[PDB]
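From first to last, the protein sequence lines are chains p and p'. A prime marks a further copy of an entry chain.
Residues 49 to 378, 396 to 506, numbered by the authors' numbering, are exactly what the first sequence covers, in order.
Residues 49 to 378, 396 to 506, numbered by the authors' numbering, are exactly what the second sequence covers, in order.
There are 2 protein chains.
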Amino acid sequence: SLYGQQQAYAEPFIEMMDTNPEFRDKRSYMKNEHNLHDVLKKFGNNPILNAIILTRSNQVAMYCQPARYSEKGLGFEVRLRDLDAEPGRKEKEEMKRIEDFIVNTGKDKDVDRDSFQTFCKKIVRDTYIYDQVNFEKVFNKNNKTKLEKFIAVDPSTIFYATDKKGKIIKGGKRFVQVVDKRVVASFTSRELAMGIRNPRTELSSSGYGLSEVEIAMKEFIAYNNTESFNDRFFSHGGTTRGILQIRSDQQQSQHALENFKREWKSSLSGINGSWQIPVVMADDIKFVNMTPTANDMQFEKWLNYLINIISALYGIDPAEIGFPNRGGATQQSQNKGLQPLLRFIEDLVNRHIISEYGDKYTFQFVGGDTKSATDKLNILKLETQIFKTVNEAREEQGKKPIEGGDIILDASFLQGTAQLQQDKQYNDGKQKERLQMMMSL
Amino acid sequence: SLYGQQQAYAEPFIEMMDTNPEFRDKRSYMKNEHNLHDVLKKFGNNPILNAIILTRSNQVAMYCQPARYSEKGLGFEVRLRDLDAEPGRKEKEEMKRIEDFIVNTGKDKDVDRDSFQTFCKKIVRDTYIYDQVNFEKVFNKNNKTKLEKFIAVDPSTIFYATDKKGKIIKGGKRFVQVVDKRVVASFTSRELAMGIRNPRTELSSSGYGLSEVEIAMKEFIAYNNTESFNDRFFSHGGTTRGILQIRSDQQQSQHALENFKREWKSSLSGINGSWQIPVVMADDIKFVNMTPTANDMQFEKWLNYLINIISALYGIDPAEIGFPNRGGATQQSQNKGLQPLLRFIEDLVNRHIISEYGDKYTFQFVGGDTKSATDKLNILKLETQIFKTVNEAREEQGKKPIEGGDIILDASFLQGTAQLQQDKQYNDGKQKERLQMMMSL
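Printed below as a string of structure tokens:
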């Protein structure tokens, strides 16, 4: 079963003829194709698709460092789940260790291993080519419970493993790695993640994703063709402006025509000839125009239309990649497109890595804050009216408490205490004079 | 192994026929080419690509000096990792030494060695041509643990070394330098860095990067062709405006025609002839127009389109390099393109150089601050209400404490202490009169 024991079927009830009994084929949406990822692999060098992948992965790479060490606060942090909790002495260190582990992508430092930045750039590229992310989790050999590394794996090699009954394996070796159409490795759900952005309930989708490259493939082909068309004017075309027709009772001999070519070029070619005019006394002379006097690119609107569609599927403003936005206006779309990718990476990290440390922690990317010394002083300038005595503030600075602190900085607070002092001095007088009268009587 | 021992294969399982058993070839994306960097080397003189490389490396060069000595605060600094730590007496000097070492690119001063500026300009050029940065680390001959120099190395000469089993070497001499297709040097991971901006999980990518010159190569070729086309009007073209057809019962002899050319030029050429009109009494006279009356460049939109694509791959505004932005609007893109390059250089420096000094330190580029004397006085003008006595402020200035300091500059603070004084004088009176009554009784 794909998810678990259920009485609704979640896979094709009759076993479709997969090429191999051991894994589920990545069939195209229409089943017109069975090797979809080798189709999509051909577009991974497309310049528009790479402009999208590079702009997004450059945006993502800025978060990869820890916010803890980044004075602007931009980055990621490992945090307790509850905002109300205060971390214990050991929890603060465990969170710092998990942060360090993520940064190093593993327990020890090793320059030969990917950084978290390289990992994120990889999986972003994989999401936007394949809509499939995989990374292997490597556990300590002596202690299978202890995670040592996580490494990104080529998604085109990873397939769901299938039982002889055609059911996807659960609980066992759920995944296989296939190279040259033989299984070279296998993995449990514990050892390999799979992440998908565009899920489907469709039974024949078999749990695989859906690439925008598949959806937009016609548009990419049309783009490629219009690019080749415009380039072939130079690469393959006839640029010839026209034909100079000279006509007389009979055509010139080839010798005559070649020394007429010498008369021409020695008198009229280049800068040296540039403003001379030939005189010719042929019976008639005509020039036939075969091209426009002013050539430029064609199908510009067609290209714009195509790229507006492809950008709309990926959720990017064409203006970000150098194309007119046919909507005619518009940052908001950048935010709307980048935030889901960040959340997807967060979801993967939380489910697969942090879950080794248990549910008390959470991994989140965090933006900066507008909490300068000025802003903190404005806040405390209100908190000292509302809450804080001078000495609480100074203690929060690590500055020694002062005699004459322990007061709120409000004139009414002091006017109250000045009242209460008099109240005390009156009750003291009243009670002492009562006692003195009782002792007199 | 590329990264480390793993059960997922990270390289082509069957050894592909590399040209040499000893190193991994830099195959093109489609494997259409095996000598990719000698292809890319031909574009390193491209004017558009150099306009990008020069504008970026000029932007980067401003950071290269230390912020410590730069009164505007712009530059780099070596810092403790934790923002909460206060550096020890020896740590402050070690950080200054590491800064000096970076500036000098080595232990001693030597005018023959690259400065950090020259190093950064080099590796920026290398990133944007090859997407591969290499620098060698040279250790002291007497003490292999002590770093003496780091020097940038030609990335086109550096290849991954491969075992006889076709596996990339790890732990040993991971890198070789190849010149004239023979190995002239070898390096461990300790002795040579490799940096890559555009990583791939693709098994056949073999750990190498992906140049935008490779992706955009068709666009660069189209650009080159359209430039040659527009130049060849002058360099090679016929600029001839038209043919003056004069016609009569028979063509003039060559002698007649050459002395007609003398009659023409002596009467009509240059400024001297400029406003005279010839009278001619031929049977018929015709002028055939062979070019437009007003010539200008062609395919301007095509060029703009191409450069907008190339700029979008590199992440630069065309307006920065003198082209219309086809998006029609837009600094933000400059920031978005320069910040990743800075972070990449930071990541390389942290992983490879600072790591010799251990994880307690961090290298970062830092911008200036808006912390003039005015801003500091505004901040302290609030801190002296919220936190600081006069004497703490003066001590922070190195100015002697004054009698009548030790007070917060708030009227309520003084009104409180004026209360508390009276409170003391009352309790003093009460307690002394209590004692005097006890002594009387």
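Built from N, CA and C at the ideal position, the CB exists for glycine as well.
Name the DSSP bridge partner or partners of residue i?
i: residue 336 of chain p; result: p:291
i: residue 127 of chain p'; result: p':427
i: residue 195 of chain p'; result: p':187
i: residue 206 of chain p'; result: p':225
i: residue 182 of chain p; result: p:201
i: residue 374 of chain p'; result: Looking at the DSSP assignment, residue 374 of chain p' forms no beta bridge with any residue, so it has no partner.
i: residue 327 of chain p; result: p':292
i: residue 114 of chain p'; result: p':124
Would you mind telling me which residues of chain p sit closer than 7 Å to residue i, beta carbon to beta carbon, in chain order?
i: residue 264 of chain p'; result: 95
i: residue 247 of chain p'; result: 166, 169, 170
i: residue 368 of chain p'; result: The premise fails here: residue 368 of chain p' is roughly 13 Å from chain p at the closest Cβ pair, so nothing lies under 7 Å.
The beta strand (DSSP E) spanning residue i covers which residue range?
i: residue 227 of chain p'; result: 223 to 227
DSSP three-state label for residue i, please.
i: residue 492 of chain p'; result: helix
i: residue 71 of chain p'; result: strand
i: residue 315 of chain p'; result: helix
i: residue 99 of chain p'; result: helix
i: residue 240 of chain p'; result: strand
i: residue 233 of chain p'; result: strand
i: residue 172 of chain p; result: helix
i: residue 269 of chain p; result: helix
i: residue 472 of chain p; result: coil
i: residue 217 of chain p'; result: coil
i: residue 62 of chain p; result: coil
i: residue 341 of chain p; result: coil
i: residue 455 of chain p; result: helix
i: residue 477 of chain p'; result: helix
i: residue 497 of chain p'; result: helix
i: residue 483 of chain p'; result: helix
i: residue 528 of chain p; result: Examination of residue 528 of chain p is not possible in this model, given that chain p is present from 49 through 506 alone.
i: residue 369 of chain p'; result: helix
i: residue 422 of chain p; result: helix
What residues of chain p' sit near residue i, judged by a beta carbon separation below 7 Å?
i: residue 490 of chain p; result: 491
i: residue 80 of chain p; result: Result: empty, since nearest Cβ-Cβ is about 24 Å, beyond 7 Å.
i: residue 141 of chain p; result: By Cβ distance, chain p' contributes nothing, its closest Cβ being about 13 Å from residue 141 of chain p, past 7 Å.
i: residue 341 of chain p; result: 340
Who are the neighbours of residue i on chain p, taking C-beta pairs under 9 Å?
i: residue 270 of chain p'; result: 275, 278, 279, 282, 283
i: residue 356 of chain p'; result: 369, 370, 371
What is the residue span of the alpha helix (DSSP H) that residue i lies within?
i: residue 398 of chain p'; result: 397 to 417
i: residue 438 of chain p; result: 438 to 451
i: residue 86 of chain p; result: 84 to 88
i: residue 148 of chain p; result: 137 to 152
i: residue 355 of chain p'; result: 348 to 362
i: residue 262 of chain p; result: 260 to 263
Who are the neighbours of residue i on chain p', taking C-beta pairs under 8 Å?
i: residue 244 of chain p; result: Going along chain p', no residue has its Cβ under 8 Å from residue 244 of chain p, so there is no contact; the nearest lies around 16 Å.
i: residue 53 of chain p; result: None at all; the shortest Cβ gap to chain p' is about 29 Å.
i: residue 472 of chain p; result: 477, 478, 481
i: residue 117 of chain p; result: 129, 130, 131, 427
i: residue 9 of chain p; result: In this structure chain p extends from 49 to 506, so residue 9 of chain p is not present and cannot be described.
Which residues of chain p have a Cβ atom closer than 8 Å to the Cβ of residue i, listed in chain order?
i: residue 412 of chain p'; result: 163, 165
i: residue 267 of chain p'; result: 95
i: residue 286 of chain p'; result: 316, 317
i: residue 363 of chain p'; result: 102, 103, 106
Strictly below 9 Å CB to CB, what residues from chain p' border residue i?
i: residue 297 of chain p; result: None at all; the shortest Cβ gap to chain p' is about 12 Å.
i: residue 184 of chain p; result: 54, 55, 56
> Using 8 Å as the threshold, is the segment 221 to 238 of chain p' in touch with the segment 444 to 455 of chain p', meaning 3 or more CB pairs across them?
Replying inline: no
> Do three or more CB pairs link the segment 168 to 183 of chain p to the segment 236 to 247 of chain p at distances below 8 Å?
Replying inline: yes
> Should the segment 263 to 281 of chain p be called in touch with the segment 338 to 357 of chain p, which here means at least 3 C-beta pairs below 8 Å?
Replying inline: yes
>> Under 8 Å: do the segment 344 to 352 of chain p and the segment 345 to 355 of chain p' share three or more Cβ pairs, one atom per stretch?
In response: yes
> When the Cβ atoms of the segment 121 to 128 of chain p are set against those of the segment 111 to 121 of chain p', are three or more pairs found closer than 8 Å?
Replying inline: no
> Is it a yes or a no for the segment 329 to 340 of chain p touching the segment 289 to 301 of chain p, going by three-plus beta-carbon pairs under 8 Å?
Replying inline: yes
>> If contact is defined by three or more beta carbon pairs under 8 Å, each pair taking one atom from either stretch, is the segment 209 to 216 of chain p' in contact with the segment 62 to 72 of chain p'?
In response: yes
>> Tell me whether the segment 451 to 458 of chain p' and the segment 476 to 486 of chain p' touch, counting them as touching only if at least three CB pairs, one residue from each stretch, are closer than 8 Å.
In response: no
>> For the pair the segment 133 to 144 of chain p and the segment 399 to 416 of chain p', tell me if three or more CB-CB distances fall below 8 Å.
In response: no
>> Could you check whether the segment 253 to 264 of chain p' touches the segment 313 to 325 of chain p', counting it as contact only if at least three pairs of C-beta atoms, one from each stretch, sit closer than 8 Å?
In response: no
> Should the segment 71 to 86 of chain p' be called in touch with the segment 199 to 210 of chain p', which here means at least 3 C-beta pairs below 8 Å?
Replying inline: yes
> Do the segment 149 to 157 of chain p and the segment 157 to 169 of chain p' touch if we need at least three Cβ pairs shorter than 8 Å?
Replying inline: no
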